[PDB]
file final.tsv (TSV, C-alpha atoms)
chain	number	residue	atom	x	y	z
A	1	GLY	CA	175.29	-26.59	44.99
A	2	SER	CA	171.95	-25.49	46.41
A	3	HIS	CA	172.22	-27.91	49.34
A	4	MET	CA	175.83	-26.94	49.96
A	5	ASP	CA	174.78	-23.30	50.20
A	6	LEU	CA	172.73	-24.28	53.25
A	7	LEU	CA	176.12	-24.79	54.90
A	8	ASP	CA	177.11	-21.22	54.06
A	9	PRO	CA	177.01	-18.97	57.18
A	10	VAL	CA	174.66	-16.04	56.60
A	11	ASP	CA	174.89	-12.61	58.23
A	12	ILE	CA	171.25	-12.17	59.26
A	13	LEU	CA	172.12	-9.43	61.74
A	14	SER	CA	172.81	-7.06	58.85
A	15	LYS	CA	169.61	-8.16	57.11
A	16	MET	CA	167.15	-7.24	59.84
A	17	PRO	CA	164.90	-4.21	59.40
A	18	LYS	CA	166.33	-0.94	60.69
A	19	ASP	CA	163.27	-0.66	62.95
A	20	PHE	CA	163.34	-4.22	64.27
A	21	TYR	CA	164.00	-3.17	67.87
A	22	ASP	CA	161.87	-0.02	67.88
A	23	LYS	CA	158.80	-1.92	66.67
A	24	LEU	CA	159.22	-4.52	69.42
A	25	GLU	CA	158.66	-1.65	71.86
A	26	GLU	CA	155.32	-0.65	70.29
A	27	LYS	CA	152.12	-1.05	72.31
A	28	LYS	CA	150.16	-2.42	69.35
A	29	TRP	CA	150.82	-6.16	69.20
A	30	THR	CA	150.53	-6.21	65.40
A	31	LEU	CA	153.57	-3.94	65.19
A	32	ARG	CA	155.59	-6.18	67.50
A	33	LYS	CA	154.42	-9.11	65.34
A	34	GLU	CA	155.91	-7.45	62.26
A	35	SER	CA	159.46	-7.53	63.67
A	36	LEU	CA	159.18	-11.18	64.75
A	37	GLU	CA	157.64	-12.18	61.39
A	38	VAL	CA	160.57	-10.80	59.45
A	39	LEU	CA	163.05	-12.40	61.85
A	40	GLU	CA	161.34	-15.78	61.76
A	41	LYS	CA	161.57	-15.73	57.96
A	42	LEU	CA	165.25	-14.79	58.00
A	43	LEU	CA	165.94	-17.65	60.41
A	44	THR	CA	164.03	-20.19	58.32
A	45	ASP	CA	165.67	-19.02	55.07
A	46	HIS	CA	169.20	-19.24	56.51
A	47	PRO	CA	169.71	-22.35	58.70
A	48	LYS	CA	173.44	-21.61	59.03
A	49	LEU	CA	174.26	-18.42	60.92
A	50	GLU	CA	177.46	-16.39	60.80
A	51	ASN	CA	179.31	-15.46	64.00
A	52	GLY	CA	178.31	-12.12	65.49
A	53	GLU	CA	176.99	-10.12	68.44
A	54	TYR	CA	173.61	-11.75	69.09
A	55	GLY	CA	173.30	-10.49	72.65
A	56	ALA	CA	170.85	-7.69	71.79
A	57	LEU	CA	168.67	-10.05	69.77
A	58	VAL	CA	168.59	-12.71	72.50
A	59	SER	CA	167.69	-10.08	75.09
A	60	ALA	CA	164.88	-8.75	72.87
A	61	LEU	CA	163.46	-12.24	72.37
A	62	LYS	CA	163.70	-13.04	76.09
A	63	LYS	CA	161.83	-9.83	76.89
A	64	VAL	CA	158.96	-10.84	74.61
A	65	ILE	CA	158.90	-14.38	75.99
A	66	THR	CA	158.89	-13.34	79.63
A	67	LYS	CA	156.95	-10.05	79.55
A	68	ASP	CA	154.62	-9.96	76.52
A	69	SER	CA	150.94	-10.29	77.43
A	70	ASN	CA	150.15	-11.62	73.95
A	71	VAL	CA	150.61	-15.41	73.78
A	72	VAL	CA	150.89	-15.34	69.99
A	73	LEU	CA	153.97	-13.11	70.34
A	74	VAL	CA	155.38	-15.30	73.13
A	75	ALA	CA	155.14	-18.37	70.86
A	76	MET	CA	156.70	-16.54	67.91
A	77	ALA	CA	159.55	-15.27	70.10
A	78	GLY	CA	160.08	-18.78	71.46
A	79	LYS	CA	160.21	-20.21	67.95
A	80	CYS	CA	162.68	-17.54	66.81
A	81	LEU	CA	164.89	-18.23	69.84
A	82	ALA	CA	164.87	-21.95	69.00
A	83	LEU	CA	165.87	-21.32	65.38
A	84	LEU	CA	168.55	-18.88	66.50
A	85	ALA	CA	170.01	-21.42	68.94
A	86	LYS	CA	169.92	-24.11	66.23
A	87	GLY	CA	171.55	-21.91	63.60
A	88	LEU	CA	174.41	-21.03	65.93
A	89	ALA	CA	174.79	-24.49	67.49
A	90	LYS	CA	177.70	-24.30	69.96
A	91	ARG	CA	178.18	-20.64	69.03
A	92	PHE	CA	175.11	-20.03	71.22
A	93	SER	CA	176.80	-21.28	74.41
A	94	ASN	CA	177.51	-17.81	75.81
A	95	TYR	CA	173.80	-16.87	75.80
A	96	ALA	CA	172.50	-20.20	77.16
A	97	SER	CA	172.74	-19.69	80.94
A	98	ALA	CA	170.67	-16.49	80.97
A	99	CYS	CA	167.99	-18.07	78.75
A	100	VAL	CA	167.38	-21.34	80.63
A	101	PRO	CA	165.90	-19.91	83.87
A	102	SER	CA	163.57	-17.55	81.95
A	103	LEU	CA	162.29	-20.28	79.66
A	104	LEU	CA	161.64	-22.73	82.51
A	105	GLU	CA	159.67	-20.17	84.53
A	106	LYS	CA	157.56	-19.37	81.48
A	107	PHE	CA	156.23	-22.93	81.59
A	108	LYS	CA	153.62	-21.51	83.96
A	109	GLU	CA	151.84	-20.68	80.70
A	110	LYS	CA	149.78	-23.71	79.64
A	111	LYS	CA	148.56	-22.74	76.17
A	112	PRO	CA	149.86	-25.72	74.11
A	113	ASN	CA	151.20	-23.57	71.27
A	114	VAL	CA	153.38	-21.62	73.69
A	115	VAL	CA	154.47	-24.83	75.41
A	116	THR	CA	155.59	-26.35	72.10
A	117	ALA	CA	157.62	-23.24	71.22
A	118	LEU	CA	159.17	-23.07	74.70
A	119	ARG	CA	160.18	-26.75	74.53
A	120	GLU	CA	161.76	-26.23	71.11
A	121	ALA	CA	163.64	-23.22	72.41
A	122	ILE	CA	164.99	-24.74	75.60
A	123	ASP	CA	165.86	-27.97	73.76
A	124	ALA	CA	167.83	-26.17	71.04
A	125	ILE	CA	169.58	-24.12	73.72
A	126	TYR	CA	170.48	-27.23	75.72
A	127	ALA	CA	172.47	-28.50	72.74
A	128	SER	CA	174.87	-25.58	73.23
A	129	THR	CA	175.40	-26.20	76.94
A	130	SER	CA	175.11	-29.05	79.49
A	131	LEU	CA	173.24	-30.28	82.56
A	132	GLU	CA	176.39	-29.68	84.61
A	133	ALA	CA	176.39	-26.02	83.55
A	134	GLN	CA	172.63	-25.57	84.06
A	135	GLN	CA	172.10	-27.72	87.17
A	136	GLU	CA	171.31	-24.86	89.56
A	137	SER	CA	168.59	-23.40	87.33
A	138	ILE	CA	167.17	-26.85	86.57
A	139	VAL	CA	167.09	-27.99	90.20
A	140	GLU	CA	165.70	-24.65	91.36
A	141	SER	CA	162.94	-24.96	88.76
A	142	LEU	CA	161.94	-28.43	90.02
A	143	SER	CA	161.11	-26.58	93.25
A	144	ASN	CA	158.92	-23.98	91.51
A	145	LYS	CA	155.53	-23.88	93.25
A	146	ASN	CA	153.77	-24.09	89.89
A	147	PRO	CA	152.87	-27.71	88.93
A	148	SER	CA	153.16	-26.89	85.23
A	149	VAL	CA	156.73	-25.67	85.66
A	150	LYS	CA	157.72	-28.74	87.70
A	151	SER	CA	156.29	-31.06	85.06
A	152	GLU	CA	157.82	-29.31	82.05
A	153	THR	CA	161.14	-29.06	83.87
A	154	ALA	CA	161.12	-32.83	84.44
A	155	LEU	CA	160.14	-33.43	80.81
A	156	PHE	CA	162.93	-31.08	79.71
A	157	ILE	CA	165.38	-33.25	81.67
A	158	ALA	CA	164.00	-36.39	80.01
A	159	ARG	CA	164.39	-35.03	76.48
A	160	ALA	CA	167.81	-33.59	77.37
A	161	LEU	CA	169.06	-36.94	78.71
A	162	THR	CA	168.29	-38.68	75.41
A	163	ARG	CA	170.97	-36.42	73.89
A	164	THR	CA	173.53	-36.49	76.67
A	165	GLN	CA	176.85	-38.33	76.93
A	166	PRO	CA	176.99	-40.65	79.96
A	167	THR	CA	180.36	-39.10	80.83
A	168	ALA	CA	178.63	-35.71	81.17
A	169	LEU	CA	177.25	-36.76	84.57
A	170	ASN	CA	179.48	-37.33	87.58
A	171	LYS	CA	178.35	-38.92	90.85
A	172	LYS	CA	177.37	-35.62	92.47
A	173	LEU	CA	175.20	-34.46	89.55
A	174	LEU	CA	173.57	-37.88	89.25
A	175	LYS	CA	172.66	-37.84	92.94
A	176	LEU	CA	171.43	-34.24	92.83
A	177	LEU	CA	169.26	-34.87	89.78
A	178	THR	CA	167.83	-38.15	91.10
A	179	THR	CA	167.13	-36.70	94.55
A	180	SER	CA	165.36	-33.69	93.05
A	181	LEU	CA	163.29	-35.80	90.66
A	182	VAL	CA	162.31	-38.35	93.33
A	183	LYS	CA	160.99	-35.39	95.30
A	184	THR	CA	158.69	-34.27	92.48
A	185	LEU	CA	157.89	-37.93	91.79
A	186	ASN	CA	156.28	-38.04	95.23
A	187	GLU	CA	154.34	-34.83	94.58
A	188	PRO	CA	150.52	-35.15	94.75
A	189	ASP	CA	150.10	-33.86	91.19
A	190	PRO	CA	149.59	-36.74	88.68
A	191	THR	CA	151.24	-34.97	85.73
A	192	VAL	CA	154.28	-33.88	87.74
A	193	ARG	CA	154.63	-37.47	88.94
A	194	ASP	CA	154.39	-38.90	85.41
A	195	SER	CA	156.90	-36.37	84.10
A	196	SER	CA	159.29	-37.17	86.94
A	197	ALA	CA	158.94	-40.89	86.23
A	198	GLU	CA	159.75	-40.28	82.56
A	199	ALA	CA	162.89	-38.34	83.47
A	200	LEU	CA	163.98	-40.98	85.98
A	201	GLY	CA	163.40	-43.81	83.52
A	202	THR	CA	165.39	-42.01	80.85
A	203	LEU	CA	168.16	-41.44	83.38
A	204	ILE	CA	168.36	-45.19	84.05
A	205	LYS	CA	168.30	-45.89	80.31
A	206	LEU	CA	171.37	-43.65	79.92
A	207	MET	CA	173.39	-44.37	83.06
A	208	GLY	CA	172.43	-47.99	83.68
A	209	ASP	CA	170.43	-49.78	86.39
A	210	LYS	CA	173.42	-50.50	88.64
A	211	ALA	CA	174.45	-46.86	88.79
A	212	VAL	CA	171.01	-45.36	89.45
A	213	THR	CA	169.15	-48.14	91.30
A	214	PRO	CA	170.87	-47.49	94.66
A	215	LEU	CA	169.47	-43.95	94.60
A	216	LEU	CA	165.91	-45.25	94.17
A	217	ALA	CA	165.98	-47.73	97.05
A	218	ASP	CA	163.20	-45.84	98.86
A	219	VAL	CA	160.88	-45.33	95.88
A	220	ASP	CA	157.70	-47.35	96.39
A	221	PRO	CA	156.80	-50.30	94.07
A	222	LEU	CA	154.05	-48.51	92.12
A	223	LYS	CA	156.30	-45.59	91.25
A	224	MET	CA	159.19	-47.91	90.33
A	225	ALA	CA	156.83	-49.57	87.85
A	226	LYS	CA	156.05	-46.24	86.17
A	227	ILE	CA	159.77	-45.49	86.01
A	228	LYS	CA	160.59	-48.87	84.46
A	229	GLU	CA	157.82	-48.45	81.88
A	230	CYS	CA	159.32	-45.12	80.86
A	231	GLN	CA	162.80	-46.65	80.98
A	232	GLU	CA	161.69	-49.21	78.39
A	233	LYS	CA	160.33	-46.59	76.01
A	234	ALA	CA	163.21	-44.13	76.42
A	235	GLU	CA	165.49	-43.88	73.38
A	236	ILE	CA	169.05	-42.65	73.91
A	237	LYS	CA	169.83	-40.85	70.66
A	238	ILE	CA	173.54	-40.40	71.38
A	239	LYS	CA	176.69	-42.52	71.06
A	240	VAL	CA	178.82	-43.04	74.16
A	241	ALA	CA	182.35	-43.98	73.04

call {"tool": "encode", "arguments": {"input": "final.tsv", "output": "structure tokens"}}
result
Amino acid sequence: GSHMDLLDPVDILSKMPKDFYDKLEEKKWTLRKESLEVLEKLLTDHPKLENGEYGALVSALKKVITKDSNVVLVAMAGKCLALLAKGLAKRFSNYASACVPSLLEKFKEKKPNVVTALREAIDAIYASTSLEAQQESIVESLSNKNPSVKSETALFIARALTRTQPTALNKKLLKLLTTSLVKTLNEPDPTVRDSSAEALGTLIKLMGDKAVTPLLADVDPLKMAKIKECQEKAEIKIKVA
């Protein structure tokens, strides 16, 4: 009944205000907020989304996330993007690749509320794609000069790995990911190092010691300890088979 209706795909595109896009172009942040408010409510009221042309909506949200000077709007746009990606599940796959790079770069913003929304967004989007498909953006981001981006990128990999099938990573990808993460692991920044250790430990948890160990032969003893600690705490939420 009620609960079953939650499984009923809703056409939210036809329910948005006729001035949704125009308001997002207003200079007054409170007007931009009005469009996002309405959208956020539509997304929370209808967890199951009908198929449709979401390109314009995704582009509008990305614009707010990457260019809005108001962090409250950035967080709201991030949240909406996360709910949109969740409501479409795999139906979001076609928009994923363009979103990933933008979200990762936005991790230069450190306000915790924005960070939480960005994590939710990139995590929901990951579910519709794969590390194989997003490797270039991910690896490129681990090279970002901004410590905050490097750290959040490594943490993104850690969370992603807990929901990844072991068969989703071939030898090449495993080596590329490990090599890139060992590089940030040896960075002078403490947070970046911890985040890299968490990602590496999760990677071992998922792929197994024998498979990954060889690639960490040159990691010093102290760092290996951090990695193993994280490995112990990592929880792989998926089922191989």

call {"tool": "closest_residue", "arguments": {"input": "final.tsv", "among": "A:237, A:18, A:27, A:41", "to": "residue 164 in chain A", "atoms": "all atoms listed in the file"}}
result
A:237

call {"tool": "residues_around", "arguments": {"input": "final.tsv", "residues": "residue 193 in chain A", "least_positions_apart": "4", "cutoff": "10 Å", "atoms": "all atoms listed in the file", "output": "PyMOL selection string"}}
result
chain A and resi 147+150-151+154+181-189+197-199+223+226-227

call {"tool": "atom_distance", "arguments": {"input": "final.tsv", "atom1": "CA of residue 162 in chain A", "atom2": "CA of residue 235 in chain A"}}
result
6.2 Å

call {"tool": "atom_distance", "arguments": {"input": "final.tsv", "atom1": "CA of residue 119 in chain A", "atom2": "CA of residue 101 in chain A"}}
result
12.9 Å

call {"tool": "residues_around", "arguments": {"input": "final.tsv", "residues": "range 232-234 of chain A", "least_positions_apart": "4", "cutoff": "8 Å", "atoms": "all atoms listed in the file", "output": "PyMOL selection string"}}
result
chain A and resi 162+201-202+205+228

call {"tool": "write_last_selection", "arguments": {"input": "final.tsv", "atoms": "C-alpha atoms", "output": "PDB file, keeping the file's coordinate frame"}}
result
ATOM      1  CA  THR A 162     168.290 -38.680  75.410  1.00  0.00           C
ATOM      2  CA  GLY A 201     163.400 -43.810  83.520  1.00  0.00           C
ATOM      3  CA  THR A 202     165.390 -42.010  80.850  1.00  0.00           C
ATOM      4  CA  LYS A 205     168.300 -45.890  80.310  1.00  0.00           C
ATOM      5  CA  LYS A 228     160.590 -48.870  84.460  1.00  0.00           C
TER       6      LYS A 228
END

call {"tool": "atom_distance", "arguments": {"input": "final.tsv", "atom1": "CA of residue 134 in chain A", "atom2": "CA of residue 207 in chain A"}}
result
18.8 Å

call {"tool": "residues_near_point", "arguments": {"input": "final.tsv", "point": "(171.9, -30.8, 95.5)", "cutoff": "12 Å", "atoms": "all atoms listed in the file", "output": "PyMOL selection string"}}
result
chain A and resi 132+135-140+142-143+171-181+183

call {"tool": "closest_residue", "arguments": {"input": "final.tsv", "among": "A:111, A:106, A:62, A:48", "to": "residue 89 in chain A", "atoms": "all atoms listed in the file"}}
result
A:48

call {"tool": "closest_residue", "arguments": {"input": "final.tsv", "among": "A:56, A:83, A:149, A:65", "to": "residue 39 in chain A", "atoms": "only C-alpha atoms"}}
result
A:83

call {"tool": "decode", "arguments": {"input": "final.tsv", "residues": "range 161-197 of chain A", "atoms": "N, CA, C and O atoms", "output": "mmCIF file, in the first residue's frame"}}
result
data_model
loop_
_atom_site.group_PDB
_atom_site.id
_atom_site.type_symbol
_atom_site.label_atom_id
_atom_site.label_comp_id
_atom_site.auth_asym_id
_atom_site.auth_seq_id
_atom_site.Cartn_x
_atom_site.Cartn_y
_atom_site.Cartn_z
ATOM 1 N N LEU A 161 35.268 1.635 -2.307
ATOM 2 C CA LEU A 161 35.749 0.260 -2.246
ATOM 3 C C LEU A 161 34.893 -0.655 -1.371
ATOM 4 O O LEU A 161 34.762 -1.848 -1.663
ATOM 5 N N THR A 162 34.297 -0.108 -0.314
ATOM 6 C CA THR A 162 33.455 -0.917 0.563
ATOM 7 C C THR A 162 32.188 -1.374 -0.162
ATOM 8 O O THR A 162 31.455 -2.229 0.336
ATOM 9 N N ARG A 163 31.928 -0.800 -1.332
ATOM 10 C CA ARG A 163 30.742 -1.158 -2.107
ATOM 11 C C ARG A 163 31.128 -1.548 -3.524
ATOM 12 O O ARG A 163 30.387 -1.289 -4.476
ATOM 13 N N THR A 164 32.291 -2.168 -3.664
ATOM 14 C CA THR A 164 32.770 -2.571 -4.973
ATOM 15 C C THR A 164 33.013 -4.074 -5.057
ATOM 16 O O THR A 164 33.478 -4.690 -4.104
ATOM 17 N N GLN A 165 32.680 -4.662 -6.202
ATOM 18 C CA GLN A 165 32.898 -6.085 -6.416
ATOM 19 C C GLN A 165 34.383 -6.295 -6.702
ATOM 20 O O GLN A 165 34.984 -5.549 -7.478
ATOM 21 N N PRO A 166 34.996 -7.311 -6.078
ATOM 22 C CA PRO A 166 36.419 -7.556 -6.320
ATOM 23 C C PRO A 166 36.717 -7.702 -7.809
ATOM 24 O O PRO A 166 37.762 -7.254 -8.286
ATOM 25 N N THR A 167 35.789 -8.308 -8.548
ATOM 26 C CA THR A 167 35.978 -8.505 -9.985
ATOM 27 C C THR A 167 35.920 -7.207 -10.795
ATOM 28 O O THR A 167 36.155 -7.218 -12.005
ATOM 29 N N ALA A 168 35.616 -6.094 -10.134
ATOM 30 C CA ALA A 168 35.546 -4.806 -10.817
ATOM 31 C C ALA A 168 36.935 -4.196 -11.008
ATOM 32 O O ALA A 168 37.092 -3.204 -11.726
ATOM 33 N N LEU A 169 37.944 -4.788 -10.372
ATOM 34 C CA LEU A 169 39.310 -4.288 -10.490
ATOM 35 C C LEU A 169 40.278 -5.281 -11.134
ATOM 36 O O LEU A 169 40.530 -6.353 -10.581
ATOM 37 N N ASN A 170 40.822 -4.937 -12.298
ATOM 38 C CA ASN A 170 41.789 -5.829 -12.919
ATOM 39 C C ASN A 170 43.172 -5.427 -12.418
ATOM 40 O O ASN A 170 43.307 -4.473 -11.649
ATOM 41 N N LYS A 171 44.191 -6.165 -12.840
ATOM 42 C CA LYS A 171 45.560 -5.902 -12.416
ATOM 43 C C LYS A 171 45.991 -4.456 -12.678
ATOM 44 O O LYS A 171 46.510 -3.791 -11.783
ATOM 45 N N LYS A 172 45.776 -3.968 -13.895
ATOM 46 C CA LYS A 172 46.162 -2.601 -14.222
ATOM 47 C C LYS A 172 45.557 -1.555 -13.291
ATOM 48 O O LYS A 172 46.274 -0.698 -12.771
ATOM 49 N N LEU A 173 44.246 -1.621 -13.079
ATOM 50 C CA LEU A 173 43.569 -0.650 -12.216
ATOM 51 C C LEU A 173 44.072 -0.738 -10.777
ATOM 52 O O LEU A 173 44.267 0.285 -10.113
ATOM 53 N N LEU A 174 44.280 -1.963 -10.302
ATOM 54 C CA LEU A 174 44.772 -2.175 -8.948
ATOM 55 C C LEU A 174 46.133 -1.500 -8.791
ATOM 56 O O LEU A 174 46.377 -0.789 -7.823
ATOM 57 N N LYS A 175 47.018 -1.723 -9.753
ATOM 58 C CA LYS A 175 48.348 -1.123 -9.701
ATOM 59 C C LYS A 175 48.285 0.401 -9.781
ATOM 60 O O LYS A 175 48.974 1.095 -9.036
ATOM 61 N N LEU A 176 47.457 0.921 -10.685
ATOM 62 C CA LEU A 176 47.321 2.365 -10.851
ATOM 63 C C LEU A 176 46.800 3.025 -9.571
ATOM 64 O O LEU A 176 47.311 4.053 -9.127
ATOM 65 N N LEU A 177 45.776 2.429 -8.983
ATOM 66 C CA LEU A 177 45.193 2.958 -7.762
ATOM 67 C C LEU A 177 46.184 2.905 -6.603
ATOM 68 O O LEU A 177 46.358 3.889 -5.888
ATOM 69 N N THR A 178 46.833 1.758 -6.421
ATOM 70 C CA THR A 178 47.795 1.599 -5.335
ATOM 71 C C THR A 178 48.957 2.580 -5.493
ATOM 72 O O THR A 178 49.324 3.283 -4.549
ATOM 73 N N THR A 179 49.528 2.633 -6.692
ATOM 74 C CA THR A 179 50.640 3.539 -6.972
ATOM 75 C C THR A 179 50.272 4.982 -6.639
ATOM 76 O O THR A 179 51.039 5.689 -5.984
ATOM 77 N N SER A 180 49.098 5.412 -7.095
ATOM 78 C CA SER A 180 48.642 6.774 -6.856
ATOM 79 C C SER A 180 48.445 7.065 -5.373
ATOM 80 O O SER A 180 48.826 8.132 -4.891
ATOM 81 N N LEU A 181 47.843 6.117 -4.660
ATOM 82 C CA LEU A 181 47.588 6.273 -3.234
ATOM 83 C C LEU A 181 48.866 6.211 -2.389
ATOM 84 O O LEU A 181 48.956 6.874 -1.358
ATOM 85 N N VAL A 182 49.845 5.415 -2.809
ATOM 86 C CA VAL A 182 51.097 5.328 -2.059
ATOM 87 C C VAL A 182 51.793 6.681 -2.172
ATOM 88 O O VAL A 182 52.454 7.144 -1.239
ATOM 89 N N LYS A 183 51.615 7.322 -3.321
ATOM 90 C CA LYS A 183 52.210 8.626 -3.558
ATOM 91 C C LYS A 183 51.650 9.648 -2.561
ATOM 92 O O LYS A 183 52.403 10.381 -1.926
ATOM 93 N N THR A 184 50.332 9.696 -2.408
ATOM 94 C CA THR A 184 49.747 10.644 -1.469
ATOM 95 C C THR A 184 50.003 10.191 -0.031
ATOM 96 O O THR A 184 50.011 11.004 0.896
ATOM 97 N N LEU A 185 50.223 8.891 0.152
ATOM 98 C CA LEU A 185 50.502 8.353 1.481
ATOM 99 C C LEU A 185 51.818 8.937 1.988
ATOM 100 O O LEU A 185 51.995 9.164 3.186
ATOM 101 N N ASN A 186 52.739 9.178 1.061
ATOM 102 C CA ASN A 186 54.041 9.726 1.407
ATOM 103 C C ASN A 186 54.067 11.249 1.371
ATOM 104 O O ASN A 186 55.129 11.857 1.463
ATOM 105 N N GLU A 187 52.897 11.864 1.234
ATOM 106 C CA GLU A 187 52.796 13.319 1.213
ATOM 107 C C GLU A 187 53.096 13.806 2.631
ATOM 108 O O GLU A 187 52.903 13.073 3.602
ATOM 109 N N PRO A 188 53.567 15.052 2.771
ATOM 110 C CA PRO A 188 53.879 15.593 4.098
ATOM 111 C C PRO A 188 52.644 15.876 4.945
ATOM 112 O O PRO A 188 52.716 15.882 6.172
ATOM 113 N N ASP A 189 51.512 16.113 4.291
ATOM 114 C CA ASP A 189 50.275 16.421 5.001
ATOM 115 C C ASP A 189 49.712 15.220 5.766
ATOM 116 O O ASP A 189 49.411 14.180 5.182
ATOM 117 N N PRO A 190 49.552 15.361 7.092
ATOM 118 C CA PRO A 190 49.033 14.312 7.980
ATOM 119 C C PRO A 190 47.659 13.757 7.592
ATOM 120 O O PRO A 190 47.444 12.546 7.615
ATOM 121 N N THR A 191 46.728 14.644 7.255
ATOM 122 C CA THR A 191 45.385 14.216 6.879
ATOM 123 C C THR A 191 45.404 13.430 5.571
ATOM 124 O O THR A 191 44.785 12.370 5.465
ATOM 125 N N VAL A 192 46.113 13.950 4.576
ATOM 126 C CA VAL A 192 46.209 13.274 3.288
ATOM 127 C C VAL A 192 46.787 11.876 3.501
ATOM 128 O O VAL A 192 46.306 10.896 2.922
ATOM 129 N N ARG A 193 47.806 11.784 4.354
ATOM 130 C CA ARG A 193 48.426 10.499 4.652
ATOM 131 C C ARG A 193 47.420 9.547 5.301
ATOM 132 O O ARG A 193 47.300 8.393 4.888
ATOM 133 N N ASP A 194 46.699 10.025 6.312
ATOM 134 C CA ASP A 194 45.714 9.181 6.985
ATOM 135 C C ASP A 194 44.633 8.707 6.018
ATOM 136 O O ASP A 194 44.224 7.548 6.050
ATOM 137 N N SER A 195 44.161 9.615 5.169
ATOM 138 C CA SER A 195 43.124 9.274 4.200
ATOM 139 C C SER A 195 43.650 8.231 3.217
ATOM 140 O O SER A 195 42.946 7.282 2.870
ATOM 141 N N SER A 196 44.895 8.395 2.782
ATOM 142 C CA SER A 196 45.489 7.444 1.854
ATOM 143 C C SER A 196 45.632 6.073 2.512
ATOM 144 O O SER A 196 45.427 5.041 1.869
ATOM 145 N N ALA A 197 45.991 6.065 3.795
ATOM 146 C CA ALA A 197 46.144 4.812 4.526
ATOM 147 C C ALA A 197 44.792 4.110 4.627
ATOM 148 O O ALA A 197 44.709 2.886 4.504
#
